[PDB]
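The sequence shown begins at 8 in the numbering used here and counts up by one. Here a beta-carbon is modelled for each residue, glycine too, at the ideal position from N, C-alpha and C. First comes the structure, then the notes that go with it.
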Amino acid sequence: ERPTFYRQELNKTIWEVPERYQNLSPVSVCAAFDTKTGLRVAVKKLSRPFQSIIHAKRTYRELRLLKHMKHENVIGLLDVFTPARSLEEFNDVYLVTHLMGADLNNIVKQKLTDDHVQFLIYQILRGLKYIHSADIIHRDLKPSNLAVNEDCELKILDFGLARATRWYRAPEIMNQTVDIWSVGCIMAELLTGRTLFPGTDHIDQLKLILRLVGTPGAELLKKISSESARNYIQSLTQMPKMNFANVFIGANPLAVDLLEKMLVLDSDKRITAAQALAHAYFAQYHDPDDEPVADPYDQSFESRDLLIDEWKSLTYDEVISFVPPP
Ligand SMILES: CNC(=O)c1ccc(C)c(Nc2ncnc3c2cnn3-c2ccccc2)c1
């Protein structure tokens, strides 16, 4: 059943993919045209998957996450292959998914309207609800990993991997509700057309957040876990909480209300993804019978810290067991 593979040097690196995929353009990920289906697909060649214990762990995980995620707003695994004829020769991993048109970055890079924002944000939260129900958090949600086609059909890209960029990072990590932070941060940029928090360093970044959220309450200040973090909030002046109505001039009262529940430092009281889907701003789009949860994701492998070869062998095994989706 093994097909013929073919080689090419793209941007200083060799791609050994099957015959089925032609015209590879670097979009490292490639925009390849698929001959069997005749569609445009994205092919990802993994960067030194087994050239460290961490790269290897990262490698297995990503494949485990992909062989699992089946949601219309969560990029799915179409194909997984290796030039490898054997486990002993297994050094390269490739993952195949549908190609998208644009990331939410270039979309605004021209400001977005209300129904446009409602449908982009509804979907972002719809995908999380699934990622979240499989006991997974994205941790690095940003415009560059939310992808859409012409039809505004949205996909959550690069979840559960990664661990200028701080822009969308929840302050308690600078629980699942860390991506809700990123959501509200993305929702703001779509409504205005500006980065809400374009901070230059980890100190600046917090000062901007606090300059809008307000300095934490004496209740929240007692709650905080870091001595250095608490002692840094004290070191800073007392900012009040800014009226979002005055910051987001002209928005749907429910959009501004929505962000109030998205930009809250109390990580225990912040809006969850599922909660946000039921909020008044989404009513036209909201469907409780069409907002699914994920089939339990067995992630016991996470508590295990093996050697390169034990991971590689596991990454090899999962490439074998694959049944492509129809
Ligand atoms: C946890 N691993 C992933 O999420 C993962 C793993 C493997 C692949 C191949 C992908 N897929 C993509 N990676 C990067 N850019 C992508 C896609 C798909 N479309 N676009 C895109 C196309 C045009 C414009 C902007 C973006 C994701």
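State the CB to CB distance for the pair residue i and residue j, rounded to an integer number of angstroms; the pair is presumed to be in contact (CB under 8 Å).
i: residue 100; j: residue 322; result: 6 Å
i: residue 274; j: residue 179; result: 5 Å
i: residue 266; j: residue 194; result: 6 Å
i: residue 190; j: residue 131; result: 6 Å
i: residue 104; j: residue 326; result: Contact doesn't hold; Cβ gap of about 15 Å is too wide.
i: residue 68; j: residue 187; result: That belief does not hold up - the Cβ atoms of residue 68 and residue 187 are roughly 23 Å apart, past 8 Å.
Can you find the residues in the same chain that come closer than 7 Å, C-beta to C-beta, to residue i, ignoring five residues on each side of it along the sequence?
i: residue 216; result: 178 and 204
i: residue 240; result: 222, 223 and 228
i: residue 115; result: 196, 197 and 200
i: residue 170; result: 146
i: residue 86; result: 103 and 331
i: residue 77; result: 83
i: residue 246; result: 217, 218, 221 and 222
i: residue 80; result: 130, 133, 134, 161, 162 and 163
Leaving out five residues on either side along the sequence, give the residues of the same chain with a beta carbon under 6 Å from the beta carbon of residue i.
i: residue 336; result: It is not possible to answer for residue 336, since the shown part of the chain is limited to 8 through 333.
i: residue 84; result: 73 and 74
i: residue 117; result: none
i: residue 231; result: 237
i: residue 164; result: 82, 152 and 154
i: residue 143; result: 167
i: residue 91; result: 97
i: residue 287; result: 261
i: residue 289; result: 129
i: residue 141; result: 301 and 304
i: residue 316; result: none
i: residue 329; result: 87
i: residue 192; result: 175 and 203
Less than 8 Å between the C-beta atoms of residue i and residue j, yes or no?
i: residue 262; j: residue 198; result: yes
i: residue 206; j: residue 173; result: yes
i: residue 49; j: residue 38; result: yes
i: residue 66; j: residue 53; result: yes
i: residue 213; j: residue 175; result: no
i: residue 36; j: residue 51; result: yes
i: residue 40; j: residue 319; result: no
i: residue 61; j: residue 314; result: no
i: residue 42; j: residue 29; result: yes
Spatial neighbours of residue i within its chain, please: C-beta separation below 8 Å, excluding the five flanking residues on both sides.
i: residue 13; result: 23, 24, 25 and 26
i: residue 34; result: 49 and 106
i: residue 10; result: 25, 26 and 27
i: residue 31; result: 15, 17, 22, 24, 37, 38, 39 and 50
i: residue 285; result: 293 and 295
i: residue 271; result: 220, 277 and 278
i: residue 55; result: 62
i: residue 119; result: 127, 197, 198 and 200
Problem - Stretch pair the segment 152-170 + the segment 125-143: three plus CB contacts closer than 8 Å - result: With the rule of 3 Cβ pairs closer than 8 Å, the segment 152-170 counts as touching the segment 125-143.
Handout entry: Stretch pair the segment 256-265 + the segment 99-116: three plus CB contacts closer than 8 Å
Key = Contact fails: fewer than three Cβ-Cβ distances are below 8 Å.
Practice task
Determine, using beta-carbon pairs with one atom in the segment 128-137 and one in the segment 274-287, whether at least three such pairs fall under 8 Å.
Solution key: Taking a contact to require three or more Cβ pairs closer than 8 Å, the segment 128-137 and the segment 274-287 qualify as touching.
Handout entry: Runs of alpha helix (DSSP H) lying entirely within the segment 151-206, each at least 4 residues, in chain order
Key = Taken in chain order, the whole alpha helix (DSSP H) runs of length 4 or more contained in the segment 151-206 are 185-198.
Exercise for the section: Ignoring anything shorter than 3 residues or poking outside the segment 52-109, list the beta strand (DSSP E) runs there in chain order. Expected result: For the segment 52-109, the full-length beta strand (DSSP E) segments reaching 3 residues or more read 86-88 and 101-105 along the chain.
Handout entry: Stretch-stretch touch, CB-based, cutoff 8 Å, three pairs: the segment 296-308 with the segment 239-257
Key = In the pairwise beta carbon analysis, the segment 296-308 is classified as not touching the segment 239-257: fewer than three pairs are separated by under 8 Å.
Problem - Completely contained alpha helix (DSSP H) runs for the segment 237-307, where each covers 4 or more residues - result: Within the segment 237-307, the complete alpha helix (DSSP H) runs of at least 4 residues are 251-254, 260-267 and 280-284.
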